[PDB]
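Undergrad: return atomic coordinates for the entry below.
(one chain, ligands or ions: 1)
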Amino acid sequence: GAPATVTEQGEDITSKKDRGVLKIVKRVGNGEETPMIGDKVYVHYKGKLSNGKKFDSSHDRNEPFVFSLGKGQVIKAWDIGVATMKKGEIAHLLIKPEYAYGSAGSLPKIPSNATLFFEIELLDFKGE
Ligand SMILES: COc1cc2cc(c1OC)OCC[C@@H](C)n1cc(nn1)C[C@H](C)COC(=O)[C@@H]1CCCCN1C(=O)[C@H]2C1CCCCC1
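TA: Numbers count the residues shown, from 1 in each chain. Dropping the coordinates below:
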């Protein structure tokens with residue numbers, strides 16, 4: 001399914017080219033601006049352990065997930081991946097633990113050495 005597809009076909013958007021963050025554009029956005037560091041960003045997402053079944057989803061709380069880009073309020077993979085997204089874009093990310101919660105994990109939700117999969121819809125972003 002979608003995680004395997006990202007493993008097979010996604011682009012590596014890491015600087016190191018260690019395949020730590022793999023991306024597929026699922027629905028193209030408009031604009032020519034991507035967000036830059038400091039911006040306030042609005043998304044809807046669905047996220048899950050890659051080997052898991054149930055999502056954490058913003059829709060389940062019926063409100064968008066807001067954060068500031070590059071300010072370390074979210075995992076390194078979101079800081080990296082959302083910086084590549086256009087407004088209206090839907091992207092799939094697959095993320096190795098080094099760009100998420102690492103060998104320490106983040107229990108109870110995230111175990112040690114967890115790979116993570118998200119679908120992200122970029123709704124909007126505004127400059128600091
Ligand atoms: C490790 O803790 C969590 C991880 C994740 C979600 C968590 C969470 O408990 C704080 O709560 C979901 C409740 C919403 C409103 N939320 C998200 C955050 N703050 N509040 C942002 C989080 C503090 C950090 O989350 C992230 O950096 C990423 C990207 C943004 C969306 C949430 N993220 C997660 O890692 C989720 C997990 C995704 C895989 C399945 C388990 C949840």
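Undergrad: where exactly do the helices run in the chain?
TA: If DSSP state H is used as the criterion, the helices of the chain fall at 2-9, 76-82.
Undergrad: out of those helices, the one nearest residue 56 is which?
TA: With respect to residue 56, and counting by CB to CB, the nearest of the helices of the chain is helix 76-82 at 12.9 Å. Any C-beta I mention is one placed from the backbone N, CA and C, and that applies to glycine too.
Undergrad: for the residue positioned nearest the centre of the chain, what are its contacts?
TA: Against the mean C-alpha coordinate of the chain, by CA atoms, centre = their mean, the closest residue is residue 78 at 4.2 Å. Residue 78 is in contact with 67, 93, 118, 120, counting by CB atoms under 8 Å, 6 or more residues apart in numbering.
Undergrad: one step back: in TSV: the helices of the chain, plus distance to the ligand.
TA: Converted to TSV, the helices of the chain look like this (distance: least, CB to the nearest ligand atom, whole Å):
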stretch	distance to the ligand
helix 2-9	12
helix 76-82	5
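Undergrad: okay, those helices, which one's buried deepest?
TA: By mean neighbour count, with neighbours taken as mean count of other CB atoms under 10 Å, helix 76-82 ranks first of these at a mean of 22.
Undergrad: any residue of stretch 53-64 up close to the ligand?
TA: Yes - with CB under 6 Å from any ligand atom as the criterion, the ligand is reached by stretch 53-64 at residue 56.
Undergrad: surely residue 41 meets residue 35?
TA: Yes - contact status for residue 41 versus residue 35: in contact at 5.5 Å, counting by CB atoms under 8 Å.
Undergrad: identify the contacts common to these two.
TA: Once CB under 8 Å, 6+ apart is applied, the residues that residue 41 and residue 35 both contact turn out to be 69, 82, 122, 125.
Undergrad: among those residues, which lie within strands?
TA: For the shared contacts of residue 41 and residue 35, the ones inside strands are 122, 125, with DSSP state E as the criterion.
Undergrad: for residue 20, state which of the shared contacts of residue 41 and residue 35 is nearest.
TA: Closest approach to residue 20 among these (CB to CB): residue 82, at 15.2 Å.
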